[PDB]
S.K.: 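Have a look at this one before I ask anything.
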Amino acid sequence: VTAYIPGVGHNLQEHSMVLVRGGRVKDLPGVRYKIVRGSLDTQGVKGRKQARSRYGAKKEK
Amino acid sequence: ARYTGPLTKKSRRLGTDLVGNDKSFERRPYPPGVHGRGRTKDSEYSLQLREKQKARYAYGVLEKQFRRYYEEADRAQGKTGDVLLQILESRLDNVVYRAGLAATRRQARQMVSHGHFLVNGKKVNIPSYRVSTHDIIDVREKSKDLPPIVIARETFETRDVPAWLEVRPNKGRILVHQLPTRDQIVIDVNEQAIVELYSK
Amino acid sequence: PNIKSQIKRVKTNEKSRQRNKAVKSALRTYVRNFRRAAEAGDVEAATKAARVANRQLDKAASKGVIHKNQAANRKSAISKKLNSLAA
Amino acid sequence: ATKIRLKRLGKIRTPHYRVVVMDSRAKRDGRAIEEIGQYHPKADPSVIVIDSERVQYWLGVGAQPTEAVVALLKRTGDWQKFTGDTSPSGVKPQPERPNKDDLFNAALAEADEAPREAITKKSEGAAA
RNA sequence: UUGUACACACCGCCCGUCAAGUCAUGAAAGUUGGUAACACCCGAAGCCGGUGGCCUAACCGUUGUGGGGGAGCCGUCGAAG
RNA sequence: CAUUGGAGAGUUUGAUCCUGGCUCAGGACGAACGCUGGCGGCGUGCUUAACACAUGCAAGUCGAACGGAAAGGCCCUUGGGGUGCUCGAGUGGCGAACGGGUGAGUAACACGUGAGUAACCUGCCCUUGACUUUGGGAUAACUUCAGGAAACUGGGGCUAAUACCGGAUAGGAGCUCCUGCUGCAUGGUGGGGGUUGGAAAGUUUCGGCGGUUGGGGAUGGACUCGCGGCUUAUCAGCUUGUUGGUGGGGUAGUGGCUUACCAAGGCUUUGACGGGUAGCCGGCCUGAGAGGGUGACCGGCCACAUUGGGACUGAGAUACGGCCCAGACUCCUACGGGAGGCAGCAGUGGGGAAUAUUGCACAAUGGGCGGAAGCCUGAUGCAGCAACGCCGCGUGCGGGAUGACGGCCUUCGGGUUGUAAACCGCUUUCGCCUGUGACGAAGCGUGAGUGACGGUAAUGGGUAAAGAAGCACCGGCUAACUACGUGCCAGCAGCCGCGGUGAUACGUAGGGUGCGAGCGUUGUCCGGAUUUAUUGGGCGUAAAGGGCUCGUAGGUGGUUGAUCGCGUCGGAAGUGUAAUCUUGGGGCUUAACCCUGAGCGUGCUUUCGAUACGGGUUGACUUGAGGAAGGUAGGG
Ligand SMILES: [Mg+2]
Ligand SMILES: [Mg+2]
Ligand SMILES: [Mg+2]
Ligand SMILES: [Mg+2]
Ligand SMILES: [Mg+2]
Ligand SMILES: [Mg+2]
Ligand SMILES: [Mg+2]
Ligand SMILES: [Mg+2]
Ligand SMILES: [Mg+2]
Ligand SMILES: [Mg+2]
Ligand SMILES: [Mg+2]
Ligand SMILES: [Mg+2]
Ligand SMILES: [Mg+2]
Ligand SMILES: [Mg+2]
Ligand SMILES: [Mg+2]
Ligand SMILES: [Mg+2]
Ligand SMILES: [Mg+2]
Ligand SMILES: [Mg+2]
Ligand SMILES: [Mg+2]
Ligand SMILES: [Mg+2]
Ligand SMILES: [Mg+2]
Ligand SMILES: [Mg+2]
Ligand SMILES: [Mg+2]
Ligand SMILES: [Mg+2]
Ligand SMILES: [Mg+2]
Ligand SMILES: [Mg+2]
Ligand SMILES: [Mg+2]
Ligand SMILES: [Mg+2]
Ligand SMILES: [Mg+2]
Ligand SMILES: [Mg+2]
Ligand SMILES: [Mg+2]
Ligand SMILES: [Mg+2]
Ligand SMILES: [Mg+2]
Ligand SMILES: [Mg+2]
Ligand SMILES: [Mg+2]
Ligand SMILES: [Mg+2]
Ligand SMILES: [Mg+2]
Ligand SMILES: [Mg+2]
Ligand SMILES: [Mg+2]
Ligand SMILES: [Mg+2]
Ligand SMILES: [Mg+2]
Ligand SMILES: [Mg+2]
Ligand SMILES: [Mg+2]
Ligand SMILES: [Mg+2]
Ligand SMILES: [Mg+2]
Ligand SMILES: [Mg+2]
């Protein structure tokens, strides 16, 4: 299936192990799943400071 | 599991004095923050939620326990708001406050959780202990000379004790004549609004 | 087997199987003897065989090789056949 | 065999037993032919309630008690009515009695030394 | 005043081929699996039914044995193949 | 002769109303993920691979049944006394069919509910009536020999019993004949007679403890039956031991259960047969209710134990830790042949988004054996692990304007963070340190003694305001707004939509809001959805009247007499275990949780009433309907 990759920033590439959750992207026909940031190979969005948990960004001291 | 932040901010947001008087509530007509003076729409949810939050921050009760109180009152026979206010007043910290041995409900919670009180012979350090009728709350013998206790002993005459409690100030003994009625709880919220809120 | 109790049990089960099989085979032989006498139509031979077979059925029921109800059923069949032969 | 035994109930570290009648093969906390009594040992002078008529009927029909139930029947006196033996038959002592209304009326009036030891604690703050 | 599918207001709206891409689906010489059975052939264990010339301490003896049993063997059924 | 209970919002248009779908606010979970994480109480924890399993443990016990003496233990010049307790191995009894696990199979009398067995069996236990008589032959152990790598196997000799086998004696066991009372057809039962028969065991420390057989009781099981709960007609025919009959056989027992013979049945559009899925239920979640979803823990029933089949033993067997055969696997082998089955507990690999310790104790309760002391118990009681759920508590309390700095905003006036801080005075729950220290045991043990949990809970003292706050959101629904950056880019979104240079919608910051040891996201279910409408909808034009009629099953029925009492209604009895749930009391410091009384258990069976209505039976009436006679219109 096709999965959206949310957040500004992206590292995952060919043969990268990912966790895929539900979630529709309305302005994208045929995309019904999203990739969970911060799990398996995909990593959290770099410069997050708000809604960090939804993008897998660890809290910064 | 306990609100430790400022209370004047909450009183200003809710528009009513949550506790005390003659204080920073001279800025009352507007909630805290940069956007305080603007005109408000106030939906029905807004109104209801305001009443519920007023009760919650007045009594120092968080949402899960307040909800539990709501289902207990709803199950009980009689007016749901009356029963809910009766439960909240039957809480032990509120009992100490109303008897006047504490300056505020937060101070009452402090002393109760620290165990300076005896319930009809048995030591209780649970602020949410629901006091039953004909109960005898006693100050712990070791802690009969606390500074807050002596301040309350100096000040209680000005304070008004409700009809459902009898207090032996100098003795530290709160006799519960009966579990209070709506006419005996001071009217400062809209329990009917809270009941309507918990139905949507 | 994995339990010494169970090894003891398989030994005793084999022993009891030998005993029970012998008794049941004897019962079958006696009943067959009565049936062949009845088919031959003799009266004295059929009577003697019926007595022997019924006694052995009761003995086996007492020994527990067969149930008392089974012994009673087979005895009833034998006695009814002998009565028909006499009539 | 039919047994008169204890069926465990309650919380962790707080057992309450039901004196019940069931056959040996049945699991401990399972369906019972009949419930005869209850036994709360955690409480002070353990509570022991045994239905005398039913326990007598089951003993007379041949139910075998467990040792615990034998102890309970000894205390209730049923183990003496059935299988007559010289035993003390120590019918349960009551677990004492508190009261609330009398104490409230006693203290409401107590007044005197209530506020009296109360002004004594006033003198105490003085001492404080 | 009448009609309207127009309201970006007839310089409106709107239909279908063809060309390009994408997705799901149908047909298709065939090809590749799976499941559930069927009819036959063979048929272990086993129970049952026979047979038992071989082996048999208790029973009975006319004390040379017989009774009864057992191994073995055959037949029906029979899993699997 | 009243109720405890029902909320909407956005979105079709230029605008409107209706219809209508979509989306959202709620609740929930055996959940997972992200960020974060202090404690305690009570629960819960492989939902996927019924996938393959290393290792330990999970079923033994009895010397008061027996020969005995391989250990320990007493008495003896090292062996010797089996001598006493004790005691491996062996016979013998009982247990091993319970407890524990799993949900693969099963759409079926499997389950729920209620009945029937005049078709049933039931060890141990209770009760009652008779008894416990007389003989005999072996064998394991042991000993010797042979074979085998092993697993082990086969001879010779020898030995005891509550092991095994003759006999006698015993009904309510077979057959048969009278006779009393009777049922529901087969029949049940009381009494008498004839005839043929069926048992047993001894042992002891003398306190015991046992044996056989009738009859009842209790307990447990078995079968049969009425009713009830999935989907599919793009499955229409199914069946030949199939349906019934008679004789025999078999079984605890009825029965095509089996067999021979005879007959041609049996099931099905009210859905047989076939396909799909599934263990069922008490319950759980949701809901105003009716319903809808579900079958984790706990409890009841069923099924299964490597796959397939089979019997054996037994009172009792899908025989989990039994046996036999076959298949697939793993292991040992000297190549001849052997051994094994974690869906027991813990654990490993594997699969997976995902689920724990190779723990302690038999102290308590329950179970097995023993006369008993006692032994066994991965049942159970506990502890470990995980915010997985629920509940409770803490992270401070009072005072403090001079409304301080600093951030952020600004109209440069100030506003805001904010009594917030600073500062002052207090308190010590939890954590940390230290002391005291249980209940559970009215148990057990002849006594002495005896708590796994456990120095645990609880509690005294001490420390410092300290060791203890995060997460989501702020355009509308929806509680909460501004600045800066970006410029249809980066991105956001559940729907409407936002971003094209003034973005309250992206990113950050200040401020705020909702929650809080949690907070969000995803998945799934119910609600909202009256959006399958029985409660509770509709079909002229919005989706929806068959093209039309005839007519089969079915549904439905004008007035009235009589009667039945099936529906319906009202009592009574039985049942609906417990837990859950509602509610009254009580206990845990409160709560969650736990105990206890009641209700509920919405039904079913039995029985007694009522007869208005529905229906059955039966009889009337003519108004509906049809017919006769006459009249009569018409591109039928
Ligand atoms: Mg023969
Ligand atoms: Mg017969
Ligand atoms: Mg238009
Ligand atoms: Mg195709
Ligand atoms: Mg064949
Ligand atoms: Mg044979
Ligand atoms: Mg012969
Ligand atoms: Mg053969
Ligand atoms: Mg085959
Ligand atoms: Mg339109
Ligand atoms: Mg619009
Ligand atoms: Mg031994
Ligand atoms: Mg079970
Ligand atoms: Mg289950
Ligand atoms: Mg014997
Ligand atoms: Mg049915
Ligand atoms: Mg027949
Ligand atoms: Mg299944
Ligand atoms: Mg269901
Ligand atoms: Mg279960
Ligand atoms: Mg048998
Ligand atoms: Mg077994
Ligand atoms: Mg079992
Ligand atoms: Mg096993
Ligand atoms: Mg396991
Ligand atoms: Mg994995
Ligand atoms: Mg015990
Ligand atoms: Mg004992
Ligand atoms: Mg063991
Ligand atoms: Mg708002
Ligand atoms: Mg900008
Ligand atoms: Mg609905
Ligand atoms: Mg929905
Ligand atoms: Mg409609
Ligand atoms: Mg109509
Ligand atoms: Mg239409
Ligand atoms: Mg028409
Ligand atoms: Mg047509
Ligand atoms: Mg009709
Ligand atoms: Mg009518
Ligand atoms: Mg009438
Ligand atoms: Mg209850
Ligand atoms: Mg209480
Ligand atoms: Mg119940
Ligand atoms: Mg009628
Ligand atoms: Mg005419």
Side-chain angles (χ1 to χ4, degrees), chain A residues 8 19 21-23 26 29-30 36-39 47 49-54 56-59, chain B residues 1-2 4 6 8-9 24 32-35 45-46 49 62-63 103-104 106-107 110-111 113-115 119 122-126 128-130 146-148 151 199-200, chain C residues 1-3 5-6 9-10 12-13 16-17 22 25-26 29 51 54-55 58-59 61-62 67-73 75-76 78-80 83, chain D residues 1-2 5-6 8-17 23-25 27-28 30-33 35 38 40-43 45-46 60-64 66-68 71 75 90:
Chain A
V8 170
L19 203 53
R21 67 154 158 106
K26 162 84 163 47
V36 171
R37 303 302 294 262
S39 179
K49 295 287 199 286
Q50 289 167 40
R52 276 183 298 101
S53 89
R54 301 208 296 109
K58 299 277 199 141
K59 191 184 187 73
Chain B
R2 217 191 73 76
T4 55
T8 58
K9 265 172 58 167
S24 314
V34 288
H35 304 301
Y45 170 64
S46 129
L49 179 87
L62 290 183
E63 178 65 20
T104 187
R106 265 170 156 181
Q107 192 173 69
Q110 179 80 274
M111 323 193 270
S113 191
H114 285 187
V119 170
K122 310 190 169 194
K123 64 160 304 310
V124 175
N125 63 341
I126 304 289
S128 61
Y129 186 98
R130 305 250 303 277
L146 294 188
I151 301 299
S199 179
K200 82 166 287 182
Chain C
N2 290 318
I3 301 299
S5 179
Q6 185 60 255
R9 273 305 176 159
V10 55
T12 61
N13 285 17
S16 283
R17 191 189 70 81
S25 302
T29 299
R51 307 265 184 90
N54 280 40
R55 202 176 98 93
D58 265 6
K59 282 203 170 297
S62 160
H67 200 276
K68 66 182 181 180
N69 281 118
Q70 167 174 342
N73 280 354
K75 288 208 305 187
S76 188
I78 287 186
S79 303
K80 281 200 206 302
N83 272 340
Chain D
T2 313
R5 46 191 207 170
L6 304 188
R8 197 202 156 99
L9 296 191
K11 266 181 296 192
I12 190 167
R13 292 182 291 113
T14 310
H16 302 276
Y17 300 100
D23 79 327
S24 296
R25 271 92 54 76
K27 82 182 61 162
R28 184 192 71 182
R31 207 209 164 91
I33 303 146
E35 308 196 356
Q38 69 275 17
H40 317 305
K42 199 80 165 61
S46 78
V61 77
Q64 285 305 338
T66 314
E67 280 146 29
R75 273 68 175 174

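Below, chain A is the first sequence line, B the second, and so on; all start at residue 1.
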S.K.: Please classify the glycosidic conformation of F:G454 as syn (within 90° of 0) or anti (everything else).
M.R.: anti
S.K.: Under a 3.5 Å limit on both distances, do F:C426 and F:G574 form a Watson-Crick or G-U wobble pair?
M.R.: no
S.K.: Which nucleotide in the set F:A472, F:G392, F:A218 lies at the smallest distance from any side-chain heavy atom of D:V61?
M.R.: F:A218
S.K.: Pairs under 3.5 angstrom, nitrogen or oxygen only, protein versus nucleotides 118-122 of chain F, please.
M.R.:
residue, atom, partner, partner atom, Å
F:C121, OP1, C:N69, OD1, 3.2
F:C121, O3', C:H67, NE2, 3.4

S.K.: Pick out the pairs of N or O atoms, protein on one side and nucleotides 467-470 of chain F on the other, that lie under 3.5 Å.
M.R.:
residue, atom, partner, partner atom, Å
F:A469, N6, B:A1, N, 3.1

S.K.: Could you check which of F:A252, F:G174, F:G367 has an atom nearest any side-chain atom of D:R5?
M.R.: F:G367
S.K.: Could you check if F:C24 and F:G8 make a Watson-Crick or G-U wobble pair, where both distances must be under 3.5 Å?
M.R.: yes
S.K.: Work out how far the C1' atom of F:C298 is from that of F:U380, and round it to whole angstrom.
M.R.: 15 Å
S.K.: Taking 3.5 Å as the limit for both distances, would F:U450 and F:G241 pass as Watson-Crick or G-U wobble partners?
M.R.: no
S.K.: What residues, two or more places apart in sequence or in another chain, satisfy side chain to side chain contact (heavy atoms under 4.5 Å, CB included) together with C:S62?
M.R.: none
S.K.: May I ask whether F:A115 and F:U224 form a pair, defined as Watson-Crick or G-U wobble with both distances under 3.5 Å?
M.R.: yes
S.K.: Should the sugar of F:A483 be assigned to the north (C3'-endo side) or south (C2'-endo side) class according to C1'-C2'-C3'-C4'?
M.R.: north
S.K.: Please confirm if F:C393 pairs with F:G38, counting Watson-Crick and G-U wobble geometry and requiring both distances below 3.5 Å.
M.R.: yes
S.K.: Are any of D:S46's side-chain N or O atoms less than 4.0 Å away from OP1 or OP2 of F:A441?
M.R.: no
S.K.: Provide the distance between the two P atoms, one in F:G99 and one in F:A288, to the nearest whole Å.
M.R.: 43 Å
S.K.: When all nucleic acid strands are considered with a 4.0 Å heavy-atom cut-off, which category describes A:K26: base, sugar-phosphate, or nothing?
M.R.: base
S.K.: Can you figure out if F:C46 has a north or south sugar, judging by whether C1'-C2'-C3'-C4' is positive or negative?
M.R.: south
S.K.: Please tell me which of the listed nucleotides, F:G174, E:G68, F:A472, lies nearest to the side chain of A:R54?
M.R.: F:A472
S.K.: For C:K75, does its backbone N or O pair with a side-chain atom of C:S79 as donor and acceptor, under 3.5 Å?
M.R.: yes
S.K.: Under 3.5 Å for both distances, Watson-Crick or G-U wobble, that's the pair rule; now give the dot-bracket for RNA chain E, with | marking pairs to another strand and [ ] for crossing ones.
M.R.: ........................................(....(.((((..(((..(......).))).)))).)...)
S.K.: Applying a 3.5 Å limit to both distances, which nucleotide forms a Watson-Crick or G-U wobble pair with F:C301?
M.R.: F:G279
S.K.: Report, as a single string ordered 5' to 3', how protein heavy atoms within less than 4.0 Å touch nucleotides 380-389 of chain F: B base, S sugar-phosphate only, - not at all.
M.R.: SSSS------
S.K.: With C1' as the reference atom in both, quote the distance from F:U504 to F:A469 in angstrom, rounded to an integer.
M.R.: 28 Å
S.K.: Can you measure D:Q38 atom CD to F:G585 atom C1' for me and round it to whole angstrom units?
M.R.: 14 Å
S.K.: Looking only at heavy atoms, what is the nearest atom pair of D:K27 and D:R5, with distance?
M.R.: O-NH2, 3.2 Å
S.K.: Taking a pair to be Watson-Crick (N1-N3 plus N6-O4 or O6-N4) or G-U wobble (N1-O2 and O6-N3), each under 3.5 Å, are F:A421 and F:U213 paired?
M.R.: no
S.K.: Partners of D:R13 by side chain to side chain contact (heavy atoms under 4.5 Å, CB included), sequence neighbours excluded?
M.R.: none
S.K.: Between F:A458 and F:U521, is a Watson-Crick or G-U wobble pair present, with both distances under 3.5 Å?
M.R.: no
S.K.: So if I take every side-chain heavy atom of C:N2 and compare against F:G322, F:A442, F:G220, which nucleotide ends up nearest?
M.R.: F:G322
S.K.: Quantified in whole Å, what is the P atom distance between nucleotide F:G220 and nucleotide F:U182?
M.R.: 38 Å
S.K.: Would you say a side-chain N or O of A:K58 is under 4.0 Å from OP1 or OP2 of F:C471?
M.R.: no
S.K.: Check every atom of F:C595, F:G174, F:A252 against the side chain of C:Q70 and return the nucleotide holding the closest atom.
M.R.: F:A252
S.K.: Using a cut-off of under 3.5 Å, enumerate the N/O to N/O pairs linking the protein to nucleotides 507-513 of chain F.
M.R.:
residue, atom, partner, partner atom, Å
F:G507, OP1, A:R48, NH1, 2.9
F:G507, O3', A:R48, NH1, 3.4
F:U508, OP1, A:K49, N, 2.6
F:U508, OP1, A:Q50, N, 3.2
F:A509, OP2, A:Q50, NE2, 2.8
F:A509, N7, A:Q50, NE2, 3.4
F:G511, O2', B:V34, N, 3.2
F:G512, OP1, B:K9, NZ, 3.1
F:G512, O3', B:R13, NH2, 3.2
F:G512, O2', B:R13, NH2, 3.4
F:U513, OP1, B:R13, NE, 3.0

S.K.: For atom P, what is the distance between F:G344 and F:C320, given to the nearest Å?
M.R.: 12 Å
S.K.: Taking F:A311 as the reference, what is the distance to F:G114 when you measure between their P atoms (whole Å, please)?
M.R.: 37 Å
S.K.: Which of the following nucleotides, F:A168, F:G440, F:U427, is nearest to the side chain of B:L146?
M.R.: F:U427
S.K.: Kindly say whether F:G135 and F:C165 qualify as a Watson-Crick or G-U pair under the rule that both distances are below 3.5 angstrom.
M.R.: yes
S.K.: Where the side chain of C:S16 is concerned, which of F:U313, F:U590, F:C397 is the nearest nucleotide?
M.R.: F:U313
S.K.: For nucleotides 401-405 of chain F, which of its nitrogen or oxygen atoms have a protein nitrogen or oxygen under 3.5 Å away, and what is each distance?
M.R.:
none

S.K.: Is any side-chain N or O of D:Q64 closer than 4.0 Å to OP1 or OP2 of F:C125?
M.R.: no
S.K.: Nearest whole angstrom, please: distance from the P of F:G174 to the NZ of C:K80.
M.R.: 9 Å
S.K.: Do the side chain of A:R37 and the main chain of A:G56 share a donor and acceptor less than 3.5 angstrom apart?
M.R.: no
S.K.: Produce the list of close N/O pairs, under 3.5 Å, pairing protein atoms with atoms of nucleotides 92-97 of chain F; give distances to one decimal.
M.R.:
residue, atom, partner, partner atom, Å
F:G92, OP1, C:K15, NZ, 3.2
F:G92, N7, C:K8, NZ, 3.1
F:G95, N7, C:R9, NH2, 2.8
F:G95, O6, C:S5, OG, 3.3
F:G95, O6, C:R9, NE, 2.6
F:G95, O6, C:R9, NH2, 3.4
F:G95, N1, C:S5, OG, 2.5
F:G95, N2, C:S5, OG, 3.3
F:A96, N6, C:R9, NH1, 3.3

S.K.: Output a table of nitrogen or oxygen pairs between the protein and nucleotides 429-436 of chain F separated by less than 3.5 Å.
M.R.:
residue, atom, partner, partner atom, Å
F:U429, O4', B:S113, O, 2.8
F:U429, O2', B:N125, ND2, 3.2

S.K.: List in chain and number order the residues that pass side chain to side chain contact (heavy atoms under 4.5 Å, CB included) with A:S53, two or more places apart in sequence or in another chain; answer none if no residue qualifies.
M.R.: none
S.K.: Pairing status of F:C477 with F:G494 is requested, where a pair means Watson-Crick or G-U wobble geometry with both distances under 3.5 Å.
M.R.: yes
S.K.: Among the nucleotides F:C125, F:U219, F:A578, which one has an atom lying closest to any side-chain atom of D:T2?
M.R.: F:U219
S.K.: Tell me whether F:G60 is paired to F:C94 (Watson-Crick: purine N1 to pyrimidine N3 plus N6-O4 or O6-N4; or G-U wobble; cut-off 3.5 Å).
M.R.: yes
S.K.: Select base, sugar-phosphate, or nothing to describe what C:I78 touches, counting heavy atoms under 4.0 Å on all strands.
M.R.: nothing
S.K.: Can you sort out the partners of B:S199 under side chain to side chain contact (heavy atoms under 4.5 Å, CB included), two or more places apart, ordered by chain and number?
M.R.: none
